[PDB]
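Trainee:
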Amino acid sequence: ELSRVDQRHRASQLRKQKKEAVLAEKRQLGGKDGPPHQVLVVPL
Amino acid sequence: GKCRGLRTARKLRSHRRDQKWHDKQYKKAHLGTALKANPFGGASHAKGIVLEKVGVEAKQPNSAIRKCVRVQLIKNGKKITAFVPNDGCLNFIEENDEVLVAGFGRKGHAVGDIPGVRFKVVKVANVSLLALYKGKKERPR
Amino acid sequence: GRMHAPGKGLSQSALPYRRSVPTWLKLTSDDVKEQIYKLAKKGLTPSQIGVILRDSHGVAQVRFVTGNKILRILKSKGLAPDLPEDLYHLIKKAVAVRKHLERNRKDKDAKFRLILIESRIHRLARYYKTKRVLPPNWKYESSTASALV
Amino acid sequence: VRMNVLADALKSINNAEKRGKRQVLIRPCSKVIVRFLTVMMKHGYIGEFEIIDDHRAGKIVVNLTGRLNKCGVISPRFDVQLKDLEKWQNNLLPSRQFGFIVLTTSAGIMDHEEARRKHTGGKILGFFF
RNA sequence: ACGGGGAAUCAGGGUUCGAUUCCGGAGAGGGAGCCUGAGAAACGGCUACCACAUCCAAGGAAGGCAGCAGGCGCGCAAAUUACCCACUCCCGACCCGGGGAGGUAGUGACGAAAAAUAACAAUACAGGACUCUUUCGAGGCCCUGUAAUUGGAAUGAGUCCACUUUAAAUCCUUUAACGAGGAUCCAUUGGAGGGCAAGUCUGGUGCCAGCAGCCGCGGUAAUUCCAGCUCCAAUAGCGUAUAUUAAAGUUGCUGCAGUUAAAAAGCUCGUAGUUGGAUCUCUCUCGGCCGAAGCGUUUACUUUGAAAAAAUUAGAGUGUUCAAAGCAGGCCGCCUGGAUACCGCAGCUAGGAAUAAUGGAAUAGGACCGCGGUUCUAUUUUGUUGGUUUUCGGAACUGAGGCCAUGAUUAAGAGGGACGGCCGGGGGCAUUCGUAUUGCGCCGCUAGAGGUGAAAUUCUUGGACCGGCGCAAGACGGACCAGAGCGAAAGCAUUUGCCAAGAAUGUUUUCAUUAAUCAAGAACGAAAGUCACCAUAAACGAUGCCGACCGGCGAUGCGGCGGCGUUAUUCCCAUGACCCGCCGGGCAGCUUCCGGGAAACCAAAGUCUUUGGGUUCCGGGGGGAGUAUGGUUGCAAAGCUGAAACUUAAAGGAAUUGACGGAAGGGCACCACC
RNA sequence: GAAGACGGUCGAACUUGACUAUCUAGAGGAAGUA
Numbered sequence: 047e048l049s050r051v052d053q054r055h056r057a058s059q060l061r062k063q064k065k066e067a068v069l070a071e072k073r074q075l076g077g078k079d080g081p082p083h084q085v086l087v088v089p090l
Numbered sequence: 002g003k004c005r006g007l008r009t010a011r012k013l014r015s016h017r018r019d020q021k022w023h024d025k026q027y028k029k030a031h032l033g034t035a036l037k038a039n040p041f042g043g044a045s046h047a048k049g050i051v052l053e054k055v056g057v058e059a060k061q062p063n064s065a066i067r068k069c070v071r072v073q074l075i076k077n078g079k080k081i082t083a084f085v086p087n088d089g090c091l092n093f094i095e096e097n098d099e100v101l102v103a104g105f106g107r108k109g110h111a112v113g114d115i116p117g118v119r120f121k122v123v124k125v126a127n128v129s130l131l132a133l134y135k136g137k138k139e140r141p142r
Numbered sequence: 002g003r004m005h006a007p008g009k010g011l012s013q014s015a016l017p018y019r020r021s022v023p024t025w026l027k028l029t030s031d032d033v034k035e036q037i038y039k040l041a042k043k044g045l046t047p048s049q050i051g052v053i054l055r056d057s058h059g060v061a062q063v064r065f066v067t068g069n070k071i072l073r074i075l076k077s078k079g080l081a082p083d084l085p086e087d088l089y090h091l092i093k094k095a096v097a098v099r100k101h102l103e104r105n106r107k108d109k110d111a112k113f114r115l116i117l118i119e120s121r122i123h124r125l126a127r128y129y130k131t132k133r134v135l136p137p138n139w140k141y142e143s144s145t146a147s148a149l150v
Numbered sequence: 002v003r004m005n006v007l008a009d010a011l012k013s014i015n016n017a018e019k020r021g022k023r024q025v026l027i028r029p030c031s032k033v034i035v036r037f038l039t040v041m042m043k044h045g046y047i048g049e050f051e052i053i054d055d056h057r058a059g060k061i062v063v064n065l066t067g068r069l070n071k072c073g074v075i076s077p078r079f080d081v082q083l084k085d086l087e088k089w090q091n092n093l094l095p096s097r098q099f100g101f102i103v104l105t106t107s108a109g110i111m112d113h114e115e116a117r118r119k120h121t122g123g124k125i126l127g128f129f130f
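Residue numbers (UniProt numbering), protein chains in the order written: chain A, 47 to 90; chain B, 2 to 142; chain C, 2 to 150; chain D, 2 to 130.
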């Protein structure tokens, strides 16, 4: 980005994108919209 | 000849630091363009997703097909062809695999026979290739 | 070698070792100073007085007879020029080139020689300005060149 | 133009001692040169010399006994502290058993071994062995 | 890029790192504003906005882990939601309470220190060496083993009481009992062609699979792949990747290079910068013969002193069982430590005075002296008081006189400038000549003239070409013309005149350091190109500039100095042309074990590991590429400046042996010719 | 002596422009890459 402020700005945009992706992966389960978290239990 | 007088310290050091940029090792490691072109970004290793297995053809004074892997890195999305060292080690590699990629030895230059390949595979599915090759571990199912 | 010329040459005077006046010379200090005084009133430069006193009077060195130089005698008496004689001859040569050059504008090898003469004037004027012979705003200029001689 | 007139004289009696000659004429003389040559003569390296009086500057005719290997100047005259003397004689001198470094100290021009004995530093002029 | 103390590496010089436990700063999601208080613009305080985000009954309410744990994410990359205030300290009203500061355990092959995986004896060896034997062969003579040969001896790793340790524990240390023979109580990681220690042993493979940092190995005998066996190196460690240091005298201050390998600017001028020739041998008032009062022109330099946190580093002492460590310990209540050095630069202090800068008297407004005059003033002075008055003493300014050896260093085989006679294809302007070419006028002649290896192309009886006569036009100056001359370089040649320069020489002239090299800045600049610009070349000695030193030899050009003798001016000198020298700069050449250099070669490309005279530009493996982009000048062409991605193990220079021909010269054969 | 209000100041932020930068959805194509 060839400036110290714009480089920090670009890195924060990428961090916002990646954090949106990870939160969208971890939103699908056990919450207000997702299916229940199914725990199979086995004693070995 | 060079200036030698007792008050020549500014001429001497401003000439050395300007002639230092004509050295290949200084220009590489103090400019910043070569670090932005390095797909590892200065790291020793990296991690990527195997996109496809790729056979690369050896350079002219010998003849074989080197078994490389086209892998897209995780941390920046750059694509990379990387060499899988021993024989029957391409059999250990599926597609869309986690893979660990190192440098190949000459710090960004292509090691001898393989044309334009700077990287090699170290782990596949978080198991080292040496443990698979010598039969110490197996690929998880 | 030479400053502005590309040559070198070993041609100069060579004073003797003995600093005394010779025994044939009968002129004293005061009549030699009288000769210098009467010769300076014909407009003769300090370098032209010593040639006259050497050639036709037997005065080999005025410093050895009088204990003083030619220019210091003319400066202590008051008979000295305003600007020194080696800077005077450089401005006189720069005038004569510029006079010739305004007739002959295609003369490239007087235009080049004018720059060598004029840069020698500035190099000599700076020395006299450090040693406070010239007043420290005197400036040679091509417009007021011809009036100074 | 001629700067560092001692560098002329030490190159002249170096180049003449190599040619096997018995005498060198060095000009112009200077009082630094005479004190340098006196240090060399008192340790046996040159022998007697005669200063020729022109009224302008001197000339010196040095006699040569063929014991000199090398005579050098150091330009510029660096300041040499007494703690820094060992590095200079490591670089310049060929052995710890012979050779000298000439310093101008404030107690005069002397060799590096005498300067330790007078407990003095100074500036370096040159070296001979 | 938080800064230092410091760290790694290191001949010497250096290069790189320092987020990180000590010190200093900053900030508590982003900015901003505040309250309280000695202290805060505080965030385990408050108030907003911005971004996120929690509870809700939808009205409202609450938030800030870059503290300790822990989680998610991110990634190549990093530990326990443990115990305790016992130690070190801190806070409070306080001997008492509290402290995720801190201590203690856990995980911990970051890293550092110590250190097991066996020792011994007896046998046996168609071992080896040692004493005798000529040799065989003999020895308690000494060693070795690839003996699952024999033998009991010694131990920890473990298992595990107890004590000790600790806040309580663990660990270590100490001791019971058990604990070894294939002592299976099993050492690994990389290699085995070279670099580089160690197998052209064996099978498989057959340019495949693969190995290989590099050179290379592999195509049916692989010393190199895949395996077995053997061997090598380091060893509880050893490979790989990346950063970085040494190697790298491949960034060069020490200490490199620039003719031909990468490379010196077209030329001269010229600001800053850098560098610059000799020369010059301590006293005054008091306080007790010494100090207080001055320094001596001013610095640099050098030596000293004091001031410089600890830790770290160097280093003294001291048997942590040794060591890395630690700061303790040692005698029979005593005794002794807890040193010391280094800490650049800048700033303080005191000595030195060589080197290197700078100052001081040249219109004398100079010093040292007494004498004089003008203005103001210390306050001592008059038993006290009041007032006047001076003196004394001190400044600030001016006149004469005396005195000083009164006062200017020499004149660079540094540089300017004069002067003298010369010299030159140096330059400009004017002028003069020469032939040739082109065109024109006339006359004679007749069908060809041109160009090539060959025609081709083109003009002629509308008489070409030719031969003679005359005129003009633009030019251009042959031979003489030289390994000669001049010019800064491009470059410069007919006669004569004018103008303004210049080198060298000669000088017992003059100034007296005025100098060298030069960013920036400027003047001229082949030839091509463009409407005056353009400023570029094998612009080439493929070779910065200034200075010193270092071999010979003969010519030549200019100037000067001498010298037999020839000529010319009728004699005579005086000169010119020759001849024999000498001196000084110049253009060159020959030569050489001066010394260099990779060599070709070079008297500089020498005086270089015995490395430093001053200074400018400039190179760093080959390409990409003098390319793209940006800036700038130019009307434009172009000029200056000028990369990166990527690719590659060589490209390149000298020299030597051969190979070649449709290159030129020689010798030879009826298996060649005549 | 609280709420409140005029004014001043400090001033986060908000809106509209202009310039500039980045992340993303994006037709078309070209060349080289093999």
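Cβ atoms here follow ideal geometry from the backbone N, Cα and C, with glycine treated the same way.
Since D:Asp112 sits in a beta bridge, which residues does DSSP pair it with?
Mentor: One-based indexing of the fourth sequence puts residue 112 of chain D at position 111. D:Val103.
Trainee: Please identify, using Cβ separations under 8 angstroms, the residues of the segment 28-56 of chain B that lie next to chain D, in order along the chain.
Mentor: So nothing in the stretch comes that close.
Trainee: Based on DSSP bridge pairs, tell me the residues matched to D:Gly123.
Mentor: Your numbering for residue 123 of chain D matches position 122 in the fourth sequence. Beta-bridge pairing links D:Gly123 to D:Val81 and D:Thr106.
Trainee: Using the Cα positions of B:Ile81 and A:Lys65, report the straight-line distance between them to the nearest angstrom.
Mentor: Within the second sequence, numbered from 1, the residue matching residue 81 of chain B stands at position 80. Within the first sequence, numbered from 1, the residue matching residue 65 of chain A stands at position 19. About 25 angstroms.
Trainee: Select from D:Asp80, D:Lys119 and D:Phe129 the residue whose C-alpha is nearest the C-alpha of D:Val103.
Mentor: As a working mapping, residue 103 of chain D is identified with position 102 in the fourth sequence. It is D:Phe129.
Trainee: With C:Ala111 and C:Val96 assumed to form a contact (beta carbons below 8 angstroms), what rounded beta-carbon distance in angstroms separates them?
Mentor: Position 110 of the third sequence, counting from 1, holds the residue named residue 111 of chain C. Position 95 of the third sequence, counting from 1, holds the residue named residue 96 of chain C. Incorrect: roughly 13 angstroms between the Cβ atoms, too far for contact.
Trainee: Counting C-beta neighbours from all protein chains within 10 Å, is the total for B:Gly113 16 or more, i.e. buried, or is it exposed?
Mentor: One-based indexing of the second sequence puts residue 113 of chain B at position 112. Classification of B:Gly113: exposed, given that the 10 Å Cβ count is below 16.
Trainee: Closer than 8 angstroms, CB to CB, is D:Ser96 near chain B or not?
Mentor: For the purposes of this step, residue 96 of chain D is taken as the residue at position 95 of the fourth sequence. No, D:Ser96 does not count as interfacial toward chain B.
Trainee: Under 8 angstroms by Cβ, that's how I've got B:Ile50 and B:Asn97 pegged, so tell me the actual separation to the nearest angstrom.
Mentor: Along the second sequence, read from residue 1 onward, the residue named residue 50 of chain B stands at position 49. Along the second sequence, read from residue 1 onward, the residue named residue 97 of chain B stands at position 96. Confirmed, about 6 angstroms.
Trainee: Using a Cβ-Cβ cut-off of 8 angstroms, state whether B:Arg5 counts as contacting chain D.
Mentor: On the second sequence, residue 5 of chain B is found 4 positions in, with the first residue counted as 1. Chain D contact via Cβ: present.
Trainee: Can you find a C-beta in chain B that's less than 8 angstroms from the C-beta of D:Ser107?
Mentor: The residue labelled residue 107 of chain D in the question sits at position 106 within the fourth sequence. Output row for D:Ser107: interface = no.
Trainee: How close, in whole Å, do the beta carbons of C:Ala126 and C:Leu115 come, if the pair is a contact with beta carbons under 8 angstroms?
Mentor: In the third sequence, counting from the first residue as 1, residue 126 of chain C sits at position 125. In the third sequence, counting from the first residue as 1, residue 115 of chain C sits at position 114. At roughly 16 angstroms, the Cβ-Cβ gap does not stay under 8 angstroms, so C:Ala126 and C:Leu115 are not in contact.
Trainee: Do you know offhand how far C:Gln13's Cα is from D:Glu115's?
Mentor: One-based indexing of the third sequence puts residue 13 of chain C at position 12. One-based indexing of the fourth sequence puts residue 115 of chain D at position 114. Going by the C-alpha atoms only, they are around 46 angstroms apart.
Trainee: With C-beta atoms as the reference, is B:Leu133 less than 8 angstroms away from B:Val122?
Mentor: Residue 133 of chain B sits at position 132 when you count from the first residue of the second sequence. Residue 122 of chain B sits at position 121 when you count from the first residue of the second sequence. No, Cβ-Cβ distance for B:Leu133 and B:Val122 is not below 8 angstroms.
Trainee: Quick one: measure Cβ to Cβ for C:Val63 and C:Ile71, integer angstroms, because I've assumed they're closer than 8 angstroms.
Mentor: Translated into the one-based positions of the third sequence, residue 63 of chain C becomes position 62. Translated into the one-based positions of the third sequence, residue 71 of chain C becomes position 70. Confirmed, Cβ separation roughly 6 angstroms.
Trainee: Taking the DSSP output, what are the residues bridged to B:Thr82?
Mentor: Position 81 of the second sequence, counted from the start, is the residue given in the question as residue 82 of chain B. B:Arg71.
Trainee: Under 8 angstroms, Cβ to Cβ, is there at least one residue of chain B near D:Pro77?
Mentor: Here residue 77 of chain D corresponds to residue number 76 of the fourth sequence, with the count starting at 1. Judged by the 8 angstroms Cβ criterion, D:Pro77 is in contact with chain B.
Trainee: Any idea if D:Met111 is buried or exposed, counting beta-carbon neighbours within 10 angstroms, 16 or more meaning buried?
Mentor: Sequence index remark: in the fourth sequence, residue 111 of chain D carries index 110 (1-based). Answer is buried; the Cβ neighbour count reaches 16.
Trainee: Across which residues does DSSP place B:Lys121 in a beta bridge pair?
Mentor: To locate residue 121 of chain B, count along the second sequence from 1; it is residue 120. Note: B:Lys121 sits in a beta bridge opposite B:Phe84 and B:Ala103.
Trainee: Return yes when the Cβ of B:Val102 is within less than 8 angstroms of the Cβ of B:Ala83, no when it is not.
Mentor: For the purposes of this step, residue 83 of chain B is taken as the residue at position 82 of the second sequence. For the purposes of this step, residue 102 of chain B is taken as the residue at position 101 of the second sequence. Going by C-beta atoms, B:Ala83 is nearer than 8 angstroms to B:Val102.
Trainee: With distances taken Cα to Cα, identify the nearest neighbour of C:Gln49 among C:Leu117, C:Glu86 and C:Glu103.
Mentor: Taking the third sequence and counting its residues from 1, one reaches residue 49 of chain C at position 48. Per the Cα distances, C:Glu86.
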